[PDB]
Structures are given as C-alpha cells and as structure tokens.
Number of protein chains: 2
Amino acid sequence: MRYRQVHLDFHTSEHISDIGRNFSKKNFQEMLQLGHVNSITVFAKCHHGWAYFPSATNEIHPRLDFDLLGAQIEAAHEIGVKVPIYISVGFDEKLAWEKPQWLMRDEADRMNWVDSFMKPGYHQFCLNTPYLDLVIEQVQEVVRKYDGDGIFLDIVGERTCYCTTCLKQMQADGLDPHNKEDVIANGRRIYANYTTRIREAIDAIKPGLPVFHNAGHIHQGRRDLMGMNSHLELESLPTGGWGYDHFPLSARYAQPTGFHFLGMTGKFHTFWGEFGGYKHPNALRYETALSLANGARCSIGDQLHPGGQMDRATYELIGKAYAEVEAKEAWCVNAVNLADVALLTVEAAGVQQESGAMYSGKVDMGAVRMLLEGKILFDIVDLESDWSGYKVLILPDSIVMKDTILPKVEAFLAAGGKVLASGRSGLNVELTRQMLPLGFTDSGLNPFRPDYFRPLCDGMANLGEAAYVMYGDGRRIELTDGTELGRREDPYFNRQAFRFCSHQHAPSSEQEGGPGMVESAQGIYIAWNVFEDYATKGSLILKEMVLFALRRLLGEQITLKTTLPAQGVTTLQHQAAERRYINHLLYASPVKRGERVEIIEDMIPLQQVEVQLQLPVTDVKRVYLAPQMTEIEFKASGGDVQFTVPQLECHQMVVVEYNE
Amino acid sequence: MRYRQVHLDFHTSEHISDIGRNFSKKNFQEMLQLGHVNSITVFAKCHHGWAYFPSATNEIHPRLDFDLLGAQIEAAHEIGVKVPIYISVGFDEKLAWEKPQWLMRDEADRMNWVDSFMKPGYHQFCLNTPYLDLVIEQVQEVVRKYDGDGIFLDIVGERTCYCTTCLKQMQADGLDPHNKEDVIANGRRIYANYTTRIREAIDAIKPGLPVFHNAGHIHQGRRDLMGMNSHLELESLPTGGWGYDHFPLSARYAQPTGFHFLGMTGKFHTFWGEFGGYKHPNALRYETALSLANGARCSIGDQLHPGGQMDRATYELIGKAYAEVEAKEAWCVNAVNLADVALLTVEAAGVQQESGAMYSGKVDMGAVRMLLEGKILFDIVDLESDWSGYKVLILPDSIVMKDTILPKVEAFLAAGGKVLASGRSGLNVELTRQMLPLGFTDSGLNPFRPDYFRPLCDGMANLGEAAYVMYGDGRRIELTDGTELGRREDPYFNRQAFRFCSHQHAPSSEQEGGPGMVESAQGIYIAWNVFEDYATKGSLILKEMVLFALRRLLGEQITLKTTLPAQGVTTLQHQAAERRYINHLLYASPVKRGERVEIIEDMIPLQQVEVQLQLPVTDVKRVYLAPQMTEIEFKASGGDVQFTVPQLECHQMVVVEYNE
Ligand SMILES: [Zn+2]
Ligand SMILES: [Zn+2]
C-alpha cells in the first residue's frame, strides 16, 4: 500500500463546458512529481452520475469529447504512479431525475442528503432496488475495460429506508416497518447483499482487485463491515466536519486489526468541493506525520478543475508534506504498535453515548484526549480483540457489565490485567450493583451534581490540595477493602429555585460524601463520568485524576516517559524484521480561526526532549534520528534506554536498534 | 494604579450558615502574600443584596455575626494592600422579592437576567425608580464608614426598560414607548442621571474617591460613558464568555485615551461563580503578560468561600503569575504605545455588524486577529481620536462615508495619511459611489458570491499564483488611475437549484471580473468584506492579502519587523521619562478543550527571535532583557536597531535605551 496518495475529486456539473480541454499528459505528470505523489484515485463516475470515459453502461459527461479516465491512467502509469478508480454508488444525480422511485425515503417520505429537487445537492439511491443491478453492470464495465489499481465505492453503508420497494419487501418478509429494529436489520442485509454482489462481480473478472466501501467512518466493534474491504481508507478531514480526535480514535483501532489503512485529509481549508481553498503547508506536514506515527499511509483530497489542468499551488502544497513522507516511509512499513493500555471505546462496546463531533462520541473523545496529552501508549480494542497483551484496560464512564462484556473482563482480571473504570463502568445493566472487585459497594446515583473531588495523595493536582468541581454524573460509593486516593465533598445544595449561591453551583459544604477514587489489587475506580466531563467542560483536574490513576496502575512497567509537553503526540512502533523500535515524537497545536475551524500555520521547534523507554529486549545496539541518520548519545541497561532529542520540528523519528 | 489586583467575589445565599466563621487576619494576609497581591476589591453588598458589615441602610447577611468588610480592610491595610469596595447596583435579590415593581421589564413584561422567580438567578432593578435613592443612601453609608480605596459599582449601563414607572414617565415627557429610539434615549438619560448622582454623593464625602461603573464592556466611540469613571476595569474572561479577541480590542482602544485601566480575568477554568474551578498557572502567566504589554494593570477574579477561608490552591495559582508581574512593573508604568496603524473599528464608527462573540463584532475580530498575527503596531481609534500621528488608517468592510466620518478621513488623506479600505468602506451611504480617491469606480454589489481573487504580485500568497476563494460580499469595480495588485475571477455560476457543481461553490470560470485589489497614491482597496470573512471562514489568503497591502503602504517606514511566528504577540511601548523603549514579545497558543473553551497548559520556549526596530531617536545607547538585566548584542545606525532574543518563554521584555 503506497504512502503518498491523492484522492482526485471530479464532481462536475453537466452545465460546465469543455471538460478536460486543458488536460495534458505533461501537466498531469509534472504536478504528480511536484507533489511527490505515488498513487492518485481518479474518477470513472461522479456524484452528478457522469462517466469520464466513453461508457456503454453509463452516459459520458455531455461536454467531455475524449477518454479522460484512460488518459489519466496512462499518464500516471508511465511515471510509476498507481491509479485506483472512484465510482459514486449512493449518488447518481442525472439518474435521480429519471428514477426517483429508486431513491431512499425516511418515515416522513424525505430524500437525503437534500429533501427536494428545488434545492441544490444530491439524492441518495436505495440499494434494495434495481439500481443495484445498474451499479454492478457499471462496476463490471470499468473493471473490464481499464487497467486500474483498485476500486473506491462512495456513499455506501447500512441505512434505514422506508421507500416503496423497502416497505413492500418488509411486509412480504413479515417485518414491521413501524418497528425501528426491523428496518435497521433490513438495512444490514441490504448493505451486505450489495458488498457480496460487488466482490463476486469483480472476482469473476480480476480476482483480488482492491475494493474500499466508503461510509465516511470505520464503525468500531463491526468486524463484518471492516472485512468487506481489502484495506481501510479513514476519511478524516479535521477542518471539514470530522475534528482532530476522529483520526487517532480510528487509526489506534485499525492498526492492531492487521488491515493496511490510510488517513485521508484534504488540501482544502474546509471540506470537499472547496475550489480555491488551501491549507498552510505546516498543516499537511503535521497531519501526514501523525498518519505515519500511527501505522497509516497518507491520502490528500483535491478536486481537479473541470478543464482538466492540475493546480500548481495545490501540488506545491502536497509536495511540501509528501517530500518528507518519501524520506521516512522506510521506518513505517510493517510496523506494529507497542501499547501499555487497551481503551474499550463506548462505541466498540455497543453502548449509547452523546455525540461530540460528526462521527465521535463525548466519552471516547474525552479518553483519547487524555491518552494523547498524557503520552500513554495505547490501542483501541473491541470485544473481538485479544486483551491479554495489555497491562491496563480502560472502561470509560458507561461500560455496564452486560452478558457480551463481563466474562471477557473477568478473564482479563483473572490473568493479571488491571482496569481503570469510571462512572457507570462495572455496574450491572440495572445499575444497582458494582460487578468488578474494585474495593467498594455502589450506594446509587450521587444526589448532588455538580459536586467536588479532593485528592488525598500528593502529586495528583499541579496546585495541590483543594476541592475540585466535578460536573459529570456521579455514583455515591462506600469503601470496603479498597484504599481511598481522594474523596467526594457535597455542595451546600443543588442550584434550584429559591436555593442558589452566586452564578453557578453552590460552594463545597466541606462535608465528606464518601470516596471518589478507590484503588484495589485489580485496579482503580473514579466515581464520576470524568471522560464525558473532559470532552464537555475540559477541567484540567479530570486529566490529572485519570493520568495519576493510570501511572499508578502501570507503576515501574510503564514503557515510555517523556518531557514532550501536553499538545505533543508520541507512539512507539516495532519493525520486527529490522530489529528496531521507532519512537515517533510530534508537536503541533491547532488554533481556532474563523468561527470554529482549528488550523495549523506555525510549527514551533522543541529542544532537549527527553525519553525513557522500557523495551522487552536484552541489549540496545544504538539510537539515531531518521531520516537524518544522526547518532545521538544514550544510556542503556538491558531493554531500559534514555536519550535526549536535541531538536524536534513537527515530527522526529528516533530509531532504537536492539539484539533480542 | 496597582498592577497585581484580585476581584474577590462574595455572592452568598442567605441559606448558607456560619458566614466568615473560618475568616482570620492571619489566613487573609498569608494568602495575599502567597498571591503577591497588592490590591483586593472586597464586598460591601453582593447580588443576593446582603451587606457584609453591620449596615443601617441595608440588612447584613442573616448568618454573618461580625463586620467582615471592616476585618478585610484592616487585615489588608496592615500589610500595605489597597482594598477597593464592591457594591452590586443592578442586583439586590432579597429586595427584588419585596419590590418587584422596581425591576426592569422588556416590551413583553419579561425580567432579566432570569424571566421568573420560579427559576434560579438574579432580577435587575430599573434605576429610573426610587431604587436609585436607596442605592445612593447605601453607597453614602459605605463611603462614610469604611476606609476603602475606591468603589466598584456592578450591573450598570444604558438599558431599554418598559417597567410601569418608565412607561408613565415616557408618556408624560411626550416620548413614544412603541418607538425603540425614544426608549434607547430615555435609557441614556436614566444611566447618566445615576452616574451624576453617584459622583455628587461621593464628592460630598470623600472628593476624588475612585469609582468604576461595570457594564462588562467599554463601548467604543462613547467618551461620555468612559468619562463617568476615574479609571477603566476591562472585565474580559477569555474562557468565561468574552473570547481572546475582546481584551486586545479594548486595551488598544483604552491606552491612547489616557485612562489608567486594568485587564480583569478569572482564576476559574470558566466564568464567575466556578467554585472548585482552576486554570493552569501558564494561562495566567500569559494573560497578565498580555495586559502589561498593552499598557494595562492586572486583576484576577476569585470567589471567597462563604466560611471566609481564602483558598491556598487559588493564591498558589495567582502567585505564579503575580511574582513575575512584580519583577516587570518598573518597565510598564507611564508607558505610551508606538503604532504605525490606526484601526477605526466598526463599533467606534457607530455602524451595524454581525456579533462574533458576547461583546465583539466579526469585522472588528477579523481586523484585530490579522494585526496581532501580522505583528503590525496599532491602536484602535474613534471619531474623537487624533489620527494625524498614524501613517495608515484601516477602514474595515463597512465604514460608509457618512457626515460624521468623511471630513475626518479627507483631512487625514490631505495631511499625507494612507488608508487600507475593504468592501463597503469609502462608499457613500446610498452605496452607489466610492468617495475616496483609491483609483477605481464602483460598479455595484458583485453578482457572484463566493468568487475568487488572483494575486498579480509576487510575495503575497505563500503558495504563489492561484485563484483563491473569497466568501465575503464583494464590490465589482473598474480601474481608472489605480494600479491592479490582483484580480477578481467569476465562478461558472452561483450554487442554486438546477445549477450546482460538487459539494459547495462552482470552480473558477477563469474569466477576469475586474480588479480585486487596487493601489493609489493615498492607499489600497480590497473589493471584498475580507475582515468578516477571516472571522467566519478563516482562510489564510485573507490575512496574506491584508498584511501585503499594509506592508506595501508602510514600506520603509515600518517601525517593527520580527520572526516572532503567527500565534505570537508584540508591542513597542515608550517610557519617555526613562529614555527607553520596551519591545514586548509573547508566545502562547490557546487550544480548544471541552466543547469550545480555549485554554493554555503548555508554554513552549522560542529561540533566536529576531527584531528590527526603527525608533524616532538619534543614538541607541544599549539593549537588554528585563527583568534579567542581561545585555544582548545589537547593531544600531541612528534610531534603526536589530537584535536577537536568545530565548523567549511566555513573555520577554527587551529594553532599548536611547539619547534623543
Ligand atoms: Zn429503500
Ligand atoms: Zn424602568
């Protein structure tokens, strides 16, 4: 899987003329070279529904006079650039106008994404209709006729559809359209039927041609949906609707599954379709680095001007990131993540949470923020993952012990694992009893919110002893055999009519309300929804409480310590074949501009970044900066090594060579 | 005016007992010393309406047994700490329950801030009622009986009120309550009558006792409202509702007026009343530094626990900022700002704008962001300011040439000033004709939005030649005697039903649409609302266009150039008495946590920050880091000096000593 990809959008209105008139093999090749691009996904069929080749199963764009798809594959292949081919599935707008009977409908007869033809935008087809047969024919034609390096199928996933075809079919199969569960399950079958028919059609022509089905998100805990692809493309524009948490939450779930996967961002300031929109180079330098460090290849979105001329400014911008990716690839191929901590996301565990961004939940964003800022080495796991390689399992806020979860947690604890649990985590489904041996009994929903946490151990809060406000829902708890690491204090009263103090919550009554943080032999419990609190209010104390509990659980076994500050990111990747570890160190700080877009313009050097590793190896040979190939001083005793990076700009890889 | 103030909130419910029971002279003094506090505003009367002294004109808090106000003034005065005294005016909640007839009403009979007594919160009194007489009595009592260092009067400003008293009075004075203008003007008289009665009552007891009337914002272009105070306190919690633009927009307007003024932030993570809420020290280190650099003293908000014990964690946190302010004060007293650029805010010019934060407009935030990120030395000016000392006047987006503005702009241009204007700036009120000699004629509202700007000069856009998307409303214009610095390109069409291309706007038609940026002898015009665009979308090209035009207008006369990166702030302040300039250099990067709060945890050193100054002095004696008192190498030729700061952490002052 190539590291330096471009996703070249070509959603082009029938009402624009002279399509491709300014295309040239020379221009296409010069700009790929300016961008250091080694793969470019080009269009066979766009959202408007047109083919960019003289098609027999679809209509060519009515203002295109030549085989643009063919010319692009030839131009790229002649300079060693691979060319996966894009087909819009969910959208075919020129067919939408002829076959509205095949479009998705909600319960109230509404189309998506746009609810009429009297407004601009696209109308999604239902794959439970004969539109599926037309899609297979069109996919078959492209796979037969063109020497592409794979197929990208867009606007697909499990839907809920109430179109005439779906309502008749559900009634004939004895399903109830008024039962939401029935319609969700119908849509699971409809989607699986589509991906099964695509794999069979393609395997009858070019066996093992790569296929990716784009839903815009990799749904966690769904191995069936991931397995319908040959590889994963994580569409994740941090300035385009996804936010900056979405990529690490996805990548740290993807890498341990064994799938090859890329992070796809955009060249655009905002989102897809932003003609004339440009990030600063430093944004793409950091975003590509963060893909490499997490075990991913890179894609950068672009849209080709209707005239077919590739934009110089764009490939200048892509090249500033991709020249650096070229020099580092060698240290990223076949890499496996070393992690101390398994995070079972609320999403992976199949439990309801508050949305905090388009495809991320608030508990999950809370936890990932603390893990990244805390330099904890982690993977994200689901109920199918093997937990036994992880020292600590995090159960954030809402992991109730249902039939599908408790046995796997009990087995992890029996085998010597430790758990960090917060809030409802560990409760039975009924929320009446704590089922994990964490050293306390549950006395029910805490009856004050907000309330206070007082640390009872030194080195937890940077400012020391105080009553710190907790905004999360709490559990009142009673110590049994556990050790108290901090306590709950009640406010004088809850903010209410006739009883309120100042602008917000009442101050602390300074009356003890039982323990707030409890340590036992098998881990640490925090009596508040602290992870959702950190994604909502962002109080620093929430992170300090969690990172204190994790550092205590990991003790002397912690694999990494560093002075890399909070906004920085680190990973420790293993190239076994090459008998080396790669410590990835990054520092960039997105900053809010416009109303809410978080952007990167500055890239500030750090100096004298100290790392202490604890590798499961016998003898450390040497330590060097890649790709500079600059030895640095280190001190090693067995697999325990310490070093200092003189200077870090954006991203620095530090290679530790060993003897096993 | 002291540099190290605390605003000690004490809004305390009647339903909390043992008020002040844990107060002690020793605790109050220890915590002031831990915090390096040299002034603390303490409460005589809170929002709940209680006195904190045995009052004859108001009721003491019913659970307070001793003169808390008296004890606090004595404890502070005995260690050389000044004590201004706080009186809630707008709120007296225990009186609200007895005299609801004196409360403000809107057109629909609604109270503010909270629209019933069956919900928690405060109910604002109307100062057009006999409540004003009770306020004067209570202010008189506090000024007679207590040795305070000033009065802070809270919840006041110009209102619009439709209470029974106001409606009767308006009808009797021949005003029309259904005419909004009439009610606004009534409220201007009501507020002026309140501040006039306060100054006369206080001057009859302690002539020239400091008074500040808090509206939460200094309204720009209103010298009458500023002049009702002895000094200005800019309430500006960047994590508490105000945002990070509000302080520089206010401070760079305040300093050149001659008022002594402070920046008031909070110790809290969020806003006032956040018991148990704590920022990281680095946030207050930066925020206090930014006050010093802009010519302001510092206040940090706190709220005293009802028990009267000052919180150790809080005064640890305040001390980490205030120890550093103590060492730097010497270089901030009697300082005057050196600026190349006058920014006439939309607010100062009295013109409508889109709100972009609680008390800042989008055009004004756009402009301040570009000036700070661009290291342009600036003041904010109104129609009463003297413009003649400024090389460049900025007219952002919407400064139409009404009777109150055009003569002052024509006089500034005649005297050799240059203007940067955008969008509607310079148009007549009718928006049919450009009234400034900027080298083009106006051909009306541009009929495409969005559209494109192509730079025609090198060194404008970091990625070079391209069509960059402009989202702001445009003016189509026609070159006459001006020079074109870039052009407008039309899209194929506007996004509409039946005509749309891809997800957003149509790509560039590459058809010239007239000039977009025009240079003349007297300045530069940009044919888009670029400042509102930068506060909405945040496209980097918008800043690059503006800073290119400003650098061109200033040419060789630019007073400062630096490698301090974009997120950094610089000012050049003049201590005339001490025959030195102070170059202030800051780097901190607030980062979004929770849902939207922008916080500071990291403080990253910068290295080898280069500055070139052009001072109007003959001979530079020396250059040193204060307060370290460390000489640095420099090269001077007349008033032209260059130096390099080895290391900058948070804030560094660089002192340039001269001979005139
Ligand atoms: Zn359907
Ligand atoms: Zn009134």
Side-chain angles (χ1 to χ4, degrees), chain A residues 276, chain B residues 341-344 363 366-367 370 374 376 391-401 405-406 409-410 412-414 416-428 431-461 465-490 508 511-534 539 541-555:
Chain B
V341 173
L343 169 62
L344 178 62
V363 176
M370 286 187 205
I376 301 288
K391 293 177 262 286
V392 178
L393 180 65
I394 296 169
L395 302 181
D397 284 13
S398 22
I399 322 301
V400 293
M401 295 293 101
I405 301 183
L406 178 53
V409 182
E410 274 173 344
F412 177 76
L413 292 180
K418 285 149 166 215
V419 81
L420 172 62
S422 56
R424 282 171 174 199
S425 289
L427 287 182
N428 55 354
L431 306 174
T432 56
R433 189 163 144 252
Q434 174 60 238
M435 307 299 285
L436 304 191
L438 287 165
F440 64 85
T441 48
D442 185 277
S443 336
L445 174 65
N446 193 61
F448 301 104
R449 191 217 69 72
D451 76 337
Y452 300 89
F453 168 76
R454 179 179 284 280
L456 294 177
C457 299
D458 291 339
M460 191 179 318
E465 63 76 31
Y468 295 92
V469 63
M470 299 280 107
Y471 295 100
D473 279 315
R475 302 296 301 193
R476 186 148 274 164
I477 64 175
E478 187 164 5
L479 205 63
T480 61
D481 47 47
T483 307
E484 185 172 24
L485 301 181
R487 81 179 51 212
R488 174 172 266 116
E489 297 174 10
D490 298 353
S508 177
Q511 309 290 66
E512 167 268 346
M517 190 180 282
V518 174
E519 178 156 45
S520 66
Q522 297 114 304
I524 288 170
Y525 177 76
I526 301 176
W528 296 270
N529 299 338
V530 289
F531 292 109
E532 176 167 0
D533 198 5
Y534 195 57
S539 322
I541 183 62
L542 297 161
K543 181 170 63 167
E544 295 172 312
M545 287 168 71
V546 160
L547 292 184
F548 177 93
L550 282 178
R551 279 159 197 160
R552 207 170 165 86
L553 288 177
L554 292 177

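Throughout, protein chains are lettered first and strands after them, A, B, ... in sequence-line order, and every chain is numbered starting at 1. Side-chain atoms are counted along with the backbone in the values below, which use heavy atoms only and exclude waters and symmetry mates.
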Open item on the list: Could you work out, with ring pair (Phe, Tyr, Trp, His ring centres under 6.0 Å) as the rule, every residue matching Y471(B), not counting sequence neighbours?
Closed with: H505(B)
Open item on the list: Quick check: do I399(B) and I394(B) have side-chain heavy atoms less than 4.5 Å from each other?
Closed with: no
Open item on the list: If we ignore hydrogens and angles and just use 3.5 Å, is the side chain of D397(B) paired with the main-chain N or O of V363(B) as donor and acceptor?
Closed with: no
Open item on the list: Does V419(B) form a side chain to side chain contact (heavy atoms under 4.5 Å, CB included) with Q522(B)? I'd like the steps, not just the answer.
Closed with: CA-CA 6 Å; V419(B) 81; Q522(B) 297 114 304; 6.0 Å; no
Open item on the list: Using side-chain heavy atoms (C-beta onward) and a distance below 4.5 Å, is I376(B) in contact with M370(B)?
Closed with: no
Task: Results of side-chain contact (heavy atoms from CB on, under 4.5 Å) for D451(B) - residues two or more places apart only - done: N446(B), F448(B), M470(B), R488(B), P491(B), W528(B)
Open item on the list: Could you report the tightest heavy-atom contact between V518(B) and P515(B), atom names first, then the distance?
Closed with: CG2-CB, 3.7 Å
TODO: For the residue pair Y468(B) and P455(B), establish whether any side-chain heavy-atom pair is separated by less than 4.5 Å.
DONE: yes
Task: Closest approach of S425(B) to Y525(B) (non-hydrogen atoms, all atoms of both residues) - done: O-CE1, 3.9 Å
- [ ] Specify the closest pair of heavy atoms between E478(B) and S443(B), including all atoms of both residues, with the distance to one decimal.
- [x] N-OG, 3.8 Å
Open item on the list: For a 4.5 angstrom cut-off between non-hydrogen side-chain atoms, does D490(B) reach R476(B)?
Closed with: yes
Task: SB check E512(B) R487(B) (cutoff 4.0 Å) - done: no
- [ ] Check whether any side-chain heavy atom of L395(B) sits under 4.5 Å from a side-chain heavy atom of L436(B), and report yes or no.
- [x] yes
Task: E465(B) vs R454(B) side-chain heavy atoms within contact, under 4.5 Å - done: yes
- [ ] Could I get the full list of side-chain contact (heavy atoms from CB on, under 4.5 Å) partners for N428(B), not counting sequence neighbours?
- [x] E430(B), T432(B), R433(B), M435(B)
Task: Minimum heavy-atom distance between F440(B) and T480(B), given as atom pair plus value - done: N-OG1, 3.5 Å
TODO: Determine, stepwise, if the pair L456(B) / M517(B) fulfils side chain to side chain contact (heavy atoms under 4.5 Å, CB included).
DONE: CA-CA 9 Å; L456(B) 294 177; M517(B) 190 180 282; over 6 Å; no
Task: Rounded distance (nearest 0.5 Å) linking atom CD of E410(B) with atom CD1 of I405(B) - done: 12.5 Å
Open item on the list: Quick check: closest heavy atoms across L431(B) and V400(B), and the distance to 0.1 Å?
Closed with: CD2-CG1, 3.6 Å
Task: Nearest-0.5 Å distance that lies between atom NZ in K543(B) and atom CZ in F531(B) - done: 12.5 Å
- [ ] Would you give the length of the straight line joining atom CG of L427(B) to atom CZ of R475(B), rounded to the nearest 0.5 angstrom?
- [x] 5.0 Å
Open item on the list: Measuring only between side-chain heavy atoms, which start at C-beta, is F453(B) closer than 4.5 Å to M460(B)?
Closed with: yes
Task: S422(B) (side chain) donor-acceptor with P396(B) (main chain) under 3.5 angstrom - done: no
TODO: Indicate yes or no: at least one non-hydrogen side-chain atom of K391(B) is less than 4.5 angstrom from one of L553(B).
DONE: no
Task: Which atom of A421(B) lies closest to which atom of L438(B), heavy atoms considered - done: CB-CD1, 4.3 Å
Task: Check against side chain to side chain contact (heavy atoms under 4.5 Å, CB included), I524(B) and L550(B) - done: CA-CA 8 Å; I524(B) 288 170; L550(B) 282 178; over 6 Å; no
